[PDB]
Each structure stands twice: as structure tokens, then as C-alpha cells.
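What follows is a set of notes on a single structure, which appears directly below.
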Amino acid sequence: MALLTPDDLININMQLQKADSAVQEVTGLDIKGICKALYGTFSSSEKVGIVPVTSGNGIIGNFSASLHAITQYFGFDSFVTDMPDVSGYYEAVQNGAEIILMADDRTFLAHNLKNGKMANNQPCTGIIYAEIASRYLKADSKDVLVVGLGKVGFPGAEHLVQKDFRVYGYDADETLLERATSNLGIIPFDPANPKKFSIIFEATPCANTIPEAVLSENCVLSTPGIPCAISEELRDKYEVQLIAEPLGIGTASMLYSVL
Ligand SMILES: NC(=O)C1=CN([C@@H]2O[C@H](COP(=O)(O)OP(=O)(O)OC[C@H]3O[C@@H](n4cnc5c(N)ncnc54)[C@H](O)[C@@H]3O)[C@@H](O)[C@H]2O)C=CC1
Ligand SMILES: NCCC[C@@H](N)C(=O)NCCCC[C@H](N)C(=O)O
Ligand SMILES: [Mg+2]
Ligand code: NA
């Protein structure tokens, strides 16, 4: 279970600002602009109730506080309930929450009580990070490499295929790889004979998943994964334009997806 740790969420504002500027530099739009382009929707400072959950491994330090800052950053009227779990859910609804935002170890959801729409963090994160990669201004071809085809990677790959991109996929689990290639029609990437990419989407909980033989100078690496798919040196060597942020972007995707 590759879950957030409290230290991933240290000064979430500075992380989200730098990611926002990176998205601006890469796509020409900010995270808000991406969300608008994706869902055709906009914020109206909605009231979102953040409910801490003690289920499974329990409350993660900085989690509900980071969600508060993220929602505030995107101009939402958010609050964290005093009580957790069902008691916290009750408090949220009582205090006039329009969107409930809550997570256990397997599901992080956003539920708009007004319109009945509900978002899952995994597909929402996959779609937005793939969307950002796809909107790279300085891309010469529609070739996109996807590494990691799990709960985040598969929806992201699907989104790229549906946008008529040439999608190359790899996953260390070949069951998931062969199940992805048949269901999506993606070209199975072979690391034995690689090619260079200008657009790369990685959704893996591991480091060093993107080899040097895959990189081209100024390429885009869009990755929600923790830690970093590429080494510090390989990032400098190829001046890789990096889109990586622990919570805010995927949360923005969830919120705008239910508006
Ligand atoms: N930054 C954000 O906003 C968010 C980040 N995440 C992170 O994204 C990552 C992926 O999440 P999920 O897709 O739910 O996990 P998952 O386990 O469903 O998918 C990960 C996939 O990557 C594959 N993989 C692992 N190591 C690999 C390697 N060395 N080479 C190729 N493939 C490899 C696995 O076989 C698996 O299919 C996790 O690290 C998670 O913490 C998740 C949600 C939001
Ligand atoms: N990466 C974006 C966050 C989704 C997921 N990767 C995760 O860490 N889920 C665990 C969250 C558990 C929250 C906890 N129950 C709390 O309320 O603090
Ligand atoms: Mg994110
Ligand atoms: Na990774």
C-alpha cells in the first residue's frame, strides 16, 4: 500500500505553486485551466467538508490539513470536521457541506451532495496527469510512453488512447500489461529495444522506472507517483520538464469532475 506519509505533505502550498508554474510552462494553462478544459466546469467557492478517517492504518498527519490548503488554493470554502468517520460525516452534512471529501486506505472520494456526482481519486489523478502530458506545447509527435498501468495508470492510458495519441505502455506485471494491451489497443513497450519520447506518463510507487534510453532533451515527465521516476542527474542531463505533486492536482481533478 503506497500511501502518503506526513513528510510528503510538508508545505503543500509551496509544492502546489511550483507544480502550478510547471503546468503553466508546459501546457500554457494552469491547473485550474486544465481542469476547466477537461471537464468544462468552474468553481463557485463551494462548501467542501473534509472528514478525517481512522479506518485501516488511520489518520495520516497533514492529510486533512493539506486538503484544506489545496481546496483554499483553488478557491473553495472548505473546512475539516472536529469528529472523524461517521460522526465526522454527520458533522459535515450538518454544517452545510455541499461536497464531502474523505478517504480510507483503498478509496479517496469526492461526493457532490447537490448533483449526486462522485469522483474516485485514482481515475481522476490518472486522467489529469495524462491530460497535462498530452497538452505539452513543444511536442513534435503524438508518441506517449506510459509506465505503470494500475489503478492510476490504466485510466490515464485510456484517456490518452481516446485522445487519439500513439500510446506505448509498460508494466512490471505482465498480466496487467497484456490485459491493458488487449483492452486499450496500446503498443506493448519493450525495454530491450527502446525509443525516445517527448511525452512520458508514469504512475508507479517506485524510483528509477524511466531509463535514459527513453529520454529526449526537454521531455515531459508527468508523474503522480512517489517518489521520483527519474534520478536527479538524469533530470538535469536532459532538462526534463517535471510535473509531480503529492495530492493537490488529483484533488483538483476530483473536485472539478463533480462540479
Ligand atoms: N500524486 C497524487 O496525487 C497521487 C499519487 N498516487 C500514487 O501513484 C502511484 C500509483 O498508484 P496506483 O496506480 O493506485 O498503484 P497500483 O499498484 O494500482 O499501480 C501501480 C502499477 O505500477 C506497476 N509497477 C510497479 N513498479 C514498476 C516498475 N519498476 N516498472 C514498471 N511498472 C511498475 C505495478 O505493477 C502496478 O501495476 C502510487 O505511488 C500512489 O502513491 C496515487 C493517487 C494520487
Ligand atoms: N496520493 C493521494 C492520496 C490518496 C492515496 N494515495 C492515499 O494516500 N490514501 C490514504 C489516505 C488516508 C487518509 C486518512 N484516512 C485520513 O483521514 O487522514
Ligand atoms: Mg496529485
Ligand atoms: Na514512481
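For the C-alpha cells, the naming scheme is as follows: chains receive sequential letters (A, B, ...) according to their order of presentation, residues are indexed from 1 within each chain, and ligands are indexed from 1 in presentation order.
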Near stretch 163-180 of chain A, counting only C-alpha atoms, which residues have an atom at most 9 Å away, once you skip same-chain residues fewer than 4 positions from it, shown as a PyMOL selection string? chain A and resi 134+141-150+154+157-159+184-191+204
Output N, CA and C atoms of each residue in that selection to a file, as a compact mmCIF listing (two decimals), in the first residue's frame.
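As written to disk, again30.txt reads:
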```txt
# COMPACT_ATOMS: atom_id res chain seq x y z
N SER A 134 -0.32 15.27 -22.38
CA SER A 134 -0.86 15.35 -23.74
C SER A 134 -0.91 16.78 -24.29
N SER A 141 5.75 14.93 -31.87
CA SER A 141 4.92 13.80 -32.30
C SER A 141 3.89 13.43 -31.24
N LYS A 142 2.94 12.57 -31.62
CA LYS A 142 1.89 12.11 -30.70
C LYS A 142 2.25 10.79 -30.01
N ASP A 143 3.55 10.53 -29.89
CA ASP A 143 4.05 9.35 -29.18
C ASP A 143 4.08 9.61 -27.68
N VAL A 144 3.42 8.75 -26.92
CA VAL A 144 3.40 8.86 -25.46
C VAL A 144 3.71 7.52 -24.78
N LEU A 145 4.67 7.56 -23.85
CA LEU A 145 5.07 6.38 -23.09
C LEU A 145 4.41 6.39 -21.71
N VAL A 146 3.70 5.30 -21.41
CA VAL A 146 3.04 5.13 -20.11
C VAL A 146 3.71 4.00 -19.32
N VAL A 147 4.24 4.32 -18.15
CA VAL A 147 4.84 3.32 -17.27
C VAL A 147 4.02 3.22 -15.99
N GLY A 148 3.51 2.02 -15.73
CA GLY A 148 2.57 1.80 -14.64
C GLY A 148 1.17 1.84 -15.20
N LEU A 149 0.51 0.68 -15.19
CA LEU A 149 -0.83 0.55 -15.76
C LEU A 149 -1.84 0.05 -14.73
N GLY A 150 -1.65 0.46 -13.48
CA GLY A 150 -2.56 0.11 -12.40
C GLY A 150 -3.76 1.04 -12.30
N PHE A 154 -3.82 3.00 -15.76
CA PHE A 154 -4.78 2.47 -16.75
C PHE A 154 -5.81 3.51 -17.23
N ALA A 157 -3.85 6.00 -19.39
CA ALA A 157 -3.58 5.41 -20.70
C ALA A 157 -4.82 5.45 -21.59
N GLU A 158 -5.95 5.02 -21.02
CA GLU A 158 -7.25 5.04 -21.72
C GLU A 158 -7.61 6.44 -22.22
N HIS A 159 -7.39 7.45 -21.37
CA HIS A 159 -7.62 8.85 -21.71
C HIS A 159 -6.75 9.32 -22.88
N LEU A 184 -7.17 -1.86 -24.40
CA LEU A 184 -6.96 -0.48 -24.85
C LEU A 184 -6.36 -0.36 -26.26
N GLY A 185 -5.68 -1.42 -26.71
CA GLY A 185 -5.04 -1.41 -28.01
C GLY A 185 -3.72 -0.65 -28.01
N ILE A 186 -3.09 -0.58 -26.84
CA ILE A 186 -1.79 0.08 -26.70
C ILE A 186 -0.65 -0.81 -27.21
N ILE A 187 0.41 -0.18 -27.69
CA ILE A 187 1.61 -0.90 -28.13
C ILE A 187 2.43 -1.28 -26.90
N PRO A 188 2.69 -2.59 -26.71
CA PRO A 188 3.46 -3.02 -25.54
C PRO A 188 4.92 -2.61 -25.66
N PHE A 189 5.37 -1.73 -24.77
CA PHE A 189 6.74 -1.24 -24.80
C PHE A 189 7.73 -2.30 -24.32
N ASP A 190 8.76 -2.54 -25.13
CA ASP A 190 9.82 -3.47 -24.78
C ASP A 190 11.07 -2.67 -24.41
N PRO A 191 11.51 -2.78 -23.14
CA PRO A 191 12.73 -2.11 -22.67
C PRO A 191 14.01 -2.62 -23.33
N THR A 204 3.73 4.93 -10.93
CA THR A 204 4.35 3.81 -10.22
C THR A 204 4.92 4.30 -8.88
```
Output the neighbourhood of ligand 2 as a ChimeraX atom specification, that is, all protein and nucleic acid residues with some atom at most 9 Å from the ligand, counting only C-alpha atoms and all ligand atoms. /A:1-5,50-65,84-85,102-108,121-122,125,224-226,246-248,250-251
Output for the residues just chosen: N, CA and C atoms as a compact mmCIF listing (two decimals), in the first residue's frame:
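Result went into again-v4.txt, see below:
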```txt
# COMPACT_ATOMS: atom_id res chain seq x y z
N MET A 1 0.84 -1.23 0.00
CA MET A 1 0.00 0.00 0.00
C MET A 1 0.86 1.26 0.00
N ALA A 2 1.04 1.85 -1.18
CA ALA A 2 1.81 3.08 -1.33
C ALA A 2 0.98 4.30 -0.94
N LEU A 3 0.92 4.56 0.36
CA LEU A 3 0.13 5.66 0.92
C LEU A 3 0.99 6.89 1.18
N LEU A 4 0.33 8.05 1.29
CA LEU A 4 1.02 9.28 1.68
C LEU A 4 1.57 9.19 3.10
N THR A 5 2.77 9.73 3.28
CA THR A 5 3.35 9.93 4.61
C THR A 5 3.27 11.42 4.94
N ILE A 50 -14.22 18.24 4.77
CA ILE A 50 -13.13 17.27 4.82
C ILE A 50 -13.28 16.44 6.10
N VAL A 51 -13.50 15.14 5.91
CA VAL A 51 -13.77 14.25 7.03
C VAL A 51 -12.58 13.32 7.26
N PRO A 52 -11.85 13.53 8.38
CA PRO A 52 -10.78 12.62 8.76
C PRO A 52 -11.34 11.23 9.00
N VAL A 53 -10.57 10.22 8.61
CA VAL A 53 -10.99 8.83 8.71
C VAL A 53 -9.91 7.99 9.41
N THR A 54 -10.31 7.31 10.48
CA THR A 54 -9.39 6.49 11.29
C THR A 54 -9.31 5.04 10.82
N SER A 55 -10.04 4.71 9.76
CA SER A 55 -10.08 3.36 9.19
C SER A 55 -8.70 2.87 8.74
N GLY A 56 -8.49 1.56 8.79
CA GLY A 56 -7.23 0.94 8.37
C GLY A 56 -6.04 1.47 9.15
N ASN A 57 -4.99 1.87 8.43
CA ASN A 57 -3.82 2.50 9.05
C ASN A 57 -4.11 3.82 9.75
N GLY A 58 -5.28 4.39 9.48
CA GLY A 58 -5.78 5.52 10.25
C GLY A 58 -5.48 6.88 9.66
N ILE A 59 -5.62 7.89 10.51
CA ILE A 59 -5.39 9.28 10.13
C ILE A 59 -3.92 9.48 9.75
N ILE A 60 -3.69 10.12 8.60
CA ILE A 60 -2.35 10.48 8.17
C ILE A 60 -2.11 11.94 8.55
N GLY A 61 -1.03 12.19 9.29
CA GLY A 61 -0.65 13.54 9.69
C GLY A 61 -0.48 14.44 8.48
N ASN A 62 -1.04 15.65 8.57
CA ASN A 62 -1.02 16.65 7.49
C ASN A 62 -2.03 16.43 6.36
N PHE A 63 -2.66 15.25 6.31
CA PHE A 63 -3.57 14.91 5.20
C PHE A 63 -4.78 15.84 5.09
N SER A 64 -5.60 15.87 6.14
CA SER A 64 -6.80 16.71 6.14
C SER A 64 -6.46 18.20 6.10
N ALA A 65 -5.33 18.57 6.71
CA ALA A 65 -4.82 19.94 6.68
C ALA A 65 -4.34 20.35 5.29
N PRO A 84 -14.16 12.45 13.53
CA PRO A 84 -13.80 11.65 12.37
C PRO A 84 -14.91 10.65 11.97
N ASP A 85 -14.71 9.96 10.85
CA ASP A 85 -15.54 8.82 10.43
C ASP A 85 -17.03 9.17 10.21
N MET A 102 -13.34 12.72 1.58
CA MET A 102 -12.91 11.74 2.59
C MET A 102 -12.21 10.54 1.97
N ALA A 103 -11.36 9.88 2.76
CA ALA A 103 -10.53 8.79 2.25
C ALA A 103 -10.21 7.72 3.29
N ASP A 104 -10.39 6.46 2.91
CA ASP A 104 -9.75 5.36 3.64
C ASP A 104 -8.51 4.88 2.85
N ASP A 105 -7.96 3.72 3.21
CA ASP A 105 -6.72 3.24 2.60
C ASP A 105 -6.87 2.82 1.14
N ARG A 106 -8.09 2.47 0.74
CA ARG A 106 -8.34 1.98 -0.62
C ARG A 106 -9.10 2.97 -1.52
N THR A 107 -9.93 3.82 -0.92
CA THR A 107 -10.74 4.76 -1.69
C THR A 107 -10.67 6.18 -1.13
N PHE A 108 -10.25 7.11 -1.99
CA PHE A 108 -10.33 8.54 -1.71
C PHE A 108 -11.37 9.14 -2.67
N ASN A 121 -10.42 9.18 -6.63
CA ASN A 121 -9.09 9.78 -6.77
C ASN A 121 -8.20 9.15 -7.84
N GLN A 122 -8.25 7.82 -7.96
CA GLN A 122 -7.38 7.11 -8.88
C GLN A 122 -7.60 7.44 -10.37
N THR A 125 -6.86 11.27 -10.92
CA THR A 125 -5.42 11.56 -10.93
C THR A 125 -4.80 11.11 -12.26
N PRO A 224 2.28 11.30 -10.96
CA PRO A 224 1.73 11.41 -9.61
C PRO A 224 2.47 10.52 -8.61
N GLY A 225 3.18 9.51 -9.12
CA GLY A 225 3.87 8.52 -8.28
C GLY A 225 4.84 9.09 -7.26
N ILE A 226 5.07 8.31 -6.19
CA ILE A 226 6.03 8.64 -5.14
C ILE A 226 7.06 7.51 -5.04
N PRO A 246 2.14 15.75 -4.79
CA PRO A 246 1.63 14.62 -4.00
C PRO A 246 0.12 14.48 -3.80
N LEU A 247 -0.66 15.54 -3.98
CA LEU A 247 -2.09 15.48 -3.63
C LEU A 247 -3.00 16.47 -4.38
N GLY A 248 -2.55 17.71 -4.50
CA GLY A 248 -3.36 18.83 -4.99
C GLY A 248 -3.95 18.71 -6.38
N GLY A 250 -4.49 15.92 -8.31
CA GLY A 250 -5.50 14.87 -8.32
C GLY A 250 -6.77 15.27 -7.59
N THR A 251 -6.61 15.99 -6.47
CA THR A 251 -7.75 16.53 -5.73
C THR A 251 -8.53 17.57 -6.56
```
Set the cut-off to 12 Å, count only C-alpha atoms and all ligand atoms, and list whatever residues fall near ligand 3 as a ChimeraX atom specification. /A:4,8-9,12,15-16,19-20,31,66-67,70,121-130,132,152,203,222-226,243-254
Residues from the last selection, C-alpha atoms, saved as a PDB file, in the first residue's frame:
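Output file selection.pdb is given in full below:
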```
ATOM      1  CA  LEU A   4       1.015   9.283   1.678  1.00  0.00           C
ATOM      2  CA  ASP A   8       5.279  14.161   1.603  1.00  0.00           C
ATOM      3  CA  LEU A   9       2.870  16.938   2.603  1.00  0.00           C
ATOM      4  CA  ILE A  12       1.737  21.732   0.466  1.00  0.00           C
ATOM      5  CA  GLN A  15       4.694  22.287  -3.661  1.00  0.00           C
ATOM      6  CA  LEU A  16       1.401  23.145  -5.395  1.00  0.00           C
ATOM      7  CA  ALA A  19       3.716  22.401  -9.776  1.00  0.00           C
ATOM      8  CA  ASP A  20       1.228  25.043 -10.961  1.00  0.00           C
ATOM      9  CA  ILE A  31      -4.034  23.514 -13.050  1.00  0.00           C
ATOM     10  CA  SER A  66      -3.253  19.663   3.207  1.00  0.00           C
ATOM     11  CA  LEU A  67      -6.698  19.102   1.685  1.00  0.00           C
ATOM     12  CA  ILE A  70      -5.478  22.685  -1.535  1.00  0.00           C
ATOM     13  CA  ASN A 121      -9.087   9.779  -6.766  1.00  0.00           C
ATOM     14  CA  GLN A 122      -7.377   7.105  -8.880  1.00  0.00           C
ATOM     15  CA  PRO A 123      -9.026   7.661 -12.288  1.00  0.00           C
ATOM     16  CA  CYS A 124      -9.173  11.438 -11.647  1.00  0.00           C
ATOM     17  CA  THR A 125      -5.424  11.562 -10.934  1.00  0.00           C
ATOM     18  CA  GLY A 126      -4.643   9.357 -13.948  1.00  0.00           C
ATOM     19  CA  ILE A 127      -6.727  11.454 -16.345  1.00  0.00           C
ATOM     20  CA  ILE A 128      -5.368  14.870 -15.251  1.00  0.00           C
ATOM     21  CA  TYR A 129      -1.676  13.866 -15.267  1.00  0.00           C
ATOM     22  CA  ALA A 130      -2.102  12.197 -18.675  1.00  0.00           C
ATOM     23  CA  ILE A 132      -1.218  17.584 -18.773  1.00  0.00           C
ATOM     24  CA  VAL A 152      -3.997   5.395 -11.821  1.00  0.00           C
ATOM     25  CA  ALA A 203       2.131   6.088 -12.332  1.00  0.00           C
ATOM     26  CA  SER A 222       4.124  13.764 -15.795  1.00  0.00           C
ATOM     27  CA  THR A 223       4.032  11.602 -12.663  1.00  0.00           C
ATOM     28  CA  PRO A 224       1.732  11.412  -9.610  1.00  0.00           C
ATOM     29  CA  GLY A 225       3.871   8.524  -8.281  1.00  0.00           C
ATOM     30  CA  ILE A 226       6.033   8.645  -5.142  1.00  0.00           C
ATOM     31  CA  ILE A 243       5.100  17.551 -13.310  1.00  0.00           C
ATOM     32  CA  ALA A 244       4.995  15.886  -9.881  1.00  0.00           C
ATOM     33  CA  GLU A 245       2.879  16.855  -6.871  1.00  0.00           C
ATOM     34  CA  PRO A 246       1.633  14.623  -3.995  1.00  0.00           C
ATOM     35  CA  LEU A 247      -2.093  15.480  -3.635  1.00  0.00           C
ATOM     36  CA  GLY A 248      -3.357  18.829  -4.994  1.00  0.00           C
ATOM     37  CA  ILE A 249      -3.562  18.132  -8.734  1.00  0.00           C
ATOM     38  CA  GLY A 250      -5.505  14.866  -8.322  1.00  0.00           C
ATOM     39  CA  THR A 251      -7.751  16.528  -5.727  1.00  0.00           C
ATOM     40  CA  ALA A 252      -8.405  19.427  -8.166  1.00  0.00           C
ATOM     41  CA  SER A 253      -9.302  16.834 -10.811  1.00  0.00           C
ATOM     42  CA  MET A 254     -11.781  15.142  -8.429  1.00  0.00           C
TER      43      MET A 254
END
```
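Taking atom CA of residue A:197 and atom CA of residue A:220 as the two end points, the separation is 8.6 Å.
Atom CA of residue A:216 is found 13.2 Å from atom CA of residue A:242.
The helix (DSSP H, G or I) portion of stretch 93-133 of chain A consists of residues 93, 94, 121, 122, 123, 124, 125, 126, 127, 128, 129, 130, 131, 132 and 133 of chain A, with states taken from DSSP on the backbone.
Going from atom CA of residue A:210 to atom CA of residue A:230 covers 5.9 Å.
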Could you tell me, as a PyMOL selection string, which residues of stretch 192-228 of chain A DSSP assigns to strand (DSSP E or B) when given the backbone? chain A and resi 197-202+215-222
Store the residues of this selection in a file with N, CA and C atoms, as a compact mmCIF listing (two decimals), in the first residue's frame.
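out37.txt written:
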```txt
# COMPACT_ATOMS: atom_id res chain seq x y z
N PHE A 197 11.20 9.42 -26.24
CA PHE A 197 9.89 10.06 -26.12
C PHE A 197 10.03 11.51 -25.66
N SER A 198 9.09 12.35 -26.09
CA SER A 198 8.99 13.72 -25.60
C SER A 198 7.86 13.86 -24.58
N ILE A 199 6.95 12.88 -24.58
CA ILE A 199 5.84 12.82 -23.62
C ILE A 199 5.87 11.50 -22.85
N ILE A 200 6.02 11.58 -21.53
CA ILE A 200 6.07 10.40 -20.66
C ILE A 200 5.12 10.55 -19.46
N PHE A 201 4.30 9.53 -19.23
CA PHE A 201 3.39 9.48 -18.08
C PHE A 201 3.70 8.26 -17.20
N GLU A 202 4.11 8.50 -15.95
CA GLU A 202 4.48 7.43 -15.02
C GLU A 202 3.58 7.41 -13.78
N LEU A 215 14.61 8.83 -22.86
CA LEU A 215 14.56 10.29 -22.76
C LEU A 215 15.07 11.04 -23.98
N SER A 216 14.42 12.16 -24.27
CA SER A 216 14.89 13.15 -25.24
C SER A 216 14.94 14.50 -24.53
N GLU A 217 15.88 15.36 -24.93
CA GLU A 217 16.08 16.65 -24.25
C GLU A 217 14.79 17.47 -24.20
N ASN A 218 14.53 18.08 -23.04
CA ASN A 218 13.33 18.88 -22.79
C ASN A 218 12.01 18.09 -22.73
N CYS A 219 12.10 16.78 -22.52
CA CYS A 219 10.90 15.93 -22.49
C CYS A 219 10.04 16.17 -21.25
N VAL A 220 8.75 15.84 -21.36
CA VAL A 220 7.82 15.99 -20.26
C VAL A 220 7.65 14.67 -19.51
N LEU A 221 7.88 14.72 -18.20
CA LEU A 221 7.59 13.60 -17.32
C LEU A 221 6.48 14.01 -16.36
N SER A 222 5.28 13.51 -16.64
CA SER A 222 4.12 13.76 -15.80
C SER A 222 3.89 12.55 -14.90
```
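Of the listed residues A:17, A:257, A:120, A:241, the one whose atoms come nearest to ligand 1 is A:120, with distances taken using only C-alpha atoms and all ligand atoms.
Shortest separation to residue A:118 among A:153, A:196, A:135, A:100 occurs at residue A:100, atoms counted being only C-alpha atoms.
Among A:161, A:117, A:81, A:214, the residue with the shortest atom-to-atom distance to residue A:94, counting only C-alpha atoms, is A:81.
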Using only C-alpha atoms, which protein or nucleic acid residues come within 12 Å of residue A:115? Drop anything in the same chain fewer than 4 positions from it, and give the result as a VMD selection string. chain A and resid 98 to 99 111 257 to 259
